[PDB]
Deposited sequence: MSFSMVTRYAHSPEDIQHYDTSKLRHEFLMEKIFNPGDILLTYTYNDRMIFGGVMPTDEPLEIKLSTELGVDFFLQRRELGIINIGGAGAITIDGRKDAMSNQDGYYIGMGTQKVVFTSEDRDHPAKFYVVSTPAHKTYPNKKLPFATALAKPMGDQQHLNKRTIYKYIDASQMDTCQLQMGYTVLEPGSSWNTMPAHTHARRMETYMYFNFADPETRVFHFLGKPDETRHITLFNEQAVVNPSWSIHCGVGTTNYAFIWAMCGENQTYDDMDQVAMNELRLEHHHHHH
């Protein structure tokens, strides 16, 4: 089936008395990949659309045209995709392109038809998609995981030994506002980003080491923080006014997506 939900924006003052269940409602997407479904969220935090498409038997396309006041999905929007699942393919205005595990794609404004397929149905592909408003059309570009540039950072003393792969980066590509990346924490480290008011971020956590892994994501004003506890393959959206960092009981990975009006804190928490 197809489903897209709408979550509004808030101020720090609004959430200050939200309980645990409300925080989950306004800031957490509890399900992203369901076999045969397209699950999306529309957040008024800069009007990002994010979610997953996991085709099994029929090929799937994001069919929203009139819900956005445009003739087709990408008439005034750009799209970035990373596949965290099995062998699949996306075919763009008729031209098919095979996407391996952890391969990525950027599709620019004005692309008329984008269709997601899975090769193996019992081990389907999991396309994590992020779309943002766009005013200029830029060229489409496949980002093989082989050629994604790896940057090791962190250390063991600070429990943040990870590897950052830059996928959709302004120093390597032209896009309108959208930036995506992918961070793998090495075993024995579980800590990420440890406020920009001119942009915002959304994190999608996955690849939990063992099934009993949980992740604590922190959000809020630096001196008034809250947390949201995450299972595997869930995503949390961070407003501009909020810090964004997390801890896990073990290591994990996550895809981050960023937008705002440009493309470029301290230690006093609570």
{"property": "Missing C-alpha runs, given along the deposited sequence, first residue counted as 1", "result": "1, 196-198, 269-274, 281-289"}
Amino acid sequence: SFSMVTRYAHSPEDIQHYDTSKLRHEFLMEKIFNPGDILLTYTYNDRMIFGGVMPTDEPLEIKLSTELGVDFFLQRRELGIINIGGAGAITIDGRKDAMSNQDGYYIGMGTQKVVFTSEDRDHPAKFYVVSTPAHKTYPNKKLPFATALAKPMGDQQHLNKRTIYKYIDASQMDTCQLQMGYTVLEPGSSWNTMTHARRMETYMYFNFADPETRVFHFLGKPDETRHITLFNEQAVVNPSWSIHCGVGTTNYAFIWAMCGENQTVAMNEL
From here on, numbers count along this sequence of modelled residues.
property: Higher-B stretch (mean Cα B-factor, as the entry records it), 254-262 or 6-14; result: 254-262
property: Mean C-alpha temperature factor, higher of 53-61 and 223-231; result: 53-61
property: Per the PDB entry, maximal CA B factor within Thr183, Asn101, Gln179, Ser131; result: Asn101
property: CA B-factor placement of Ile82, once the chain's modelled residues are sorted into thirds; result: lowest
property: Third of chain Cα B-factors occupied by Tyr138; result: highest
property: Chain thirds of CA B-factor: placement of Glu30; result: lowest
property: Chain-relative CA temperature factor third for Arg76; result: lowest
property: Record-listed C-alpha B factor of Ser240: chain third; result: middle
